[PDB]
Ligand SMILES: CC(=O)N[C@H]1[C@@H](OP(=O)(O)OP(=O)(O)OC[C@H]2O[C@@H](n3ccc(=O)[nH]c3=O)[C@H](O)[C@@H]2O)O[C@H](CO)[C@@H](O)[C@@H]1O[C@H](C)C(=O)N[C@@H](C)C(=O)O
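Below you'll find only one chain, the form solved without the ligand, shown as structure tokens.
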């Protein structure tokens, strides 16, 4: 093989089986290994768009779990969600077949590659997408594995013939400590409650320091200068650190930012005082940060300005990140529908701000679906404050993602709390078939409607668009 001329095959691995292949992060890795020539099989509790598109591709997909699904596997990859009583997990274990976590299989894909890893609380998929598009435009034909669809490629993952790997690195459960990258980005590290001691936050800080310590002596850490937690960690990294951001002390410093429409314009001053005027095809200061992490990696690796500026000027985004669905003429006015993945209050907040800066004096209307009861409970007051910043609000019920309900942490509670704040009067919509009709009555001409959240909400907005189309 042409890829084998670069990447060696794993000893005796003929078939890789994925238990929970529709789970987060699973499909992307499966795609790379399928394209490298391995036989791939996988199972999932539900049918869906991920699971069905891997089948087109050549993998055998099974709905439901049964021990016979593991027939012939050389190794089994399990998602975070899998429980000890999984008939396939149990059987694998008996046949004495190696069982690995998803981050471990990613590390093996990174092993003989030049890995560029992207981690942090917020912006990982976006930054990963931007780096991947720069490397692509520079003609470096990178492999990438992202936690969202890269729109220009039509996939969340792609196998390239070079040695480059661009990959999103998930800190959850220290997953990422098996990764051995050449360059590591950390976009930010945001505590749930900044003025209160939280043991899980300090532990998480310690895990990011260990992650950076996986860089070789000659490796590079790229960190946001505008995040005080990251800047405090600097002296403990012990590898070269390059910073980026609006801070006067940033190595790659952003100046003169403005947003026009949904595009950003700004200048980056490099460490040697080179000036780069950037046009970025997605909105908000938070995207200029993400794109500057990407420009900093590219410049540090010697990539030319032309390919960097072309990729950012034409950047189409990751799927669901401020993803414009179209304009729709309704009886009560012409409206613009946009999907956004933001699920944490900070992410929802940055999204609203970027919407506002491109939308003059027309209204912002949001359809919000909280993701998980646990996070809704943990940051409840912050969700109340941020959701009160829109002009009109429809709440959908919590997307459980597998969790058991928690009293006082559901949409009905969020709704009541927002109403009491009195900045906006929300409408709860528990029957989504009724969603279009409900919007129809509250809508006004020129409204920009944000379909917001990380769960099924984008499938819901999808239907709505089609029916209005």
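Residue numbers count along the first chain shown, from 1. Heads up, when I say rigid core I mean the largest set of C-alphas that superpose within 1.5 Å between the two forms.
Look at the C-alpha B-factors of 246-254 and of 121-129. On average they run higher in 246-254.
Legend: mean Cα B-factor per stretch from the PDB entry, 167-175 versus 232-240; the higher mean is in 167-175. The top Cα temperature factor in the record, among 344, 113, 203, 95, falls on 95. The residue among 89, 309, 350, 338 whose C-alpha carries the highest B-factor in the deposited model is 89. When the modelled residues of the chain are ordered by C-alpha B-factor, residue 362 sits in the highest third. Ranked by C-alpha B-factor against the other modelled residues of its chain, residue 216 falls in the lowest third. Compared with the other modelled residues of the chain, the Cα B-factor recorded for residue 80 ranks in the highest third. Among the modelled residues of the chain, residue 326 sits in the highest third by CA temperature factor in this PDB entry. The PDB entry assigns residue 71 a C-alpha temperature factor belonging to the highest third of its chain's modelled residues.
The protein also exists as the form deposited with the ligand bound; that form is not presented, and the subsequent description refers to it.
Shown here without its ligand, the chain is overlaid with the ligand as it sits in the deposited complex; three or more ligand atoms lie within 2.4 Å of backbone or C-beta atoms, and the site is blocked.
The partner is not drawn, yet in the deposited complex one stretch among 405-413, 44-52, 429-437, 31-39 has residues with heavy atoms inside 4.5 Å of the ligand: 44-52. Not one of 380, 419 and 423 comes within 4.5 Å of the ligand in the deposited complex, counting any heavy atom. The ligand is not drawn, but in the deposited complex it has a heavy atom within 4.5 Å of residue 82. The ligand in the deposited complex is approached by residue 193, whose closest heavy atom lies within 4.5 angstroms of it.
Proximity of residue 102 to the ligand in the deposited complex falls within the 4.5 Å heavy atom cutoff.
By the criterion of a heavy atom within 4.5 Å, residue 341 is counted among the residues contacting the ligand in the deposited complex. Residue-level contacts in the deposited complex: of 253, 158, 371, 299, one residue has a heavy atom within 4.5 Å of the ligand, and it is 371.
Among 71, 200, 173, 274, the residue placing a heavy atom within 4.5 Å of the ligand in the deposited complex is 173.
The comparison between the shown form and the other one, aligned on the rigid core, picks out a single residue among 84, 274, 202, 327 whose CA moves by 2 Å or more, and that residue is 84.
Once both forms are overlaid on the rigid core, the distance between the two CA positions of residue 397 between the shown form and the other one is under 2 angstroms. A displacement of less than 2 angstroms separates the C-alpha positions of residue 226 between the shown form and the other one, with the rigid core held in common. With the core held fixed between the shown form and the other one, residue 48 has its Cα displaced by at least 2 Å. Relative to what is shown, residue 195 and residue 248 are farther apart in the deposited complex; their C-alpha atoms differ in spacing by at least 3 Å. Compared with the form shown, the residue 194-residue 284 C-alpha separation increases in the deposited complex, the change being 3 Å or greater.
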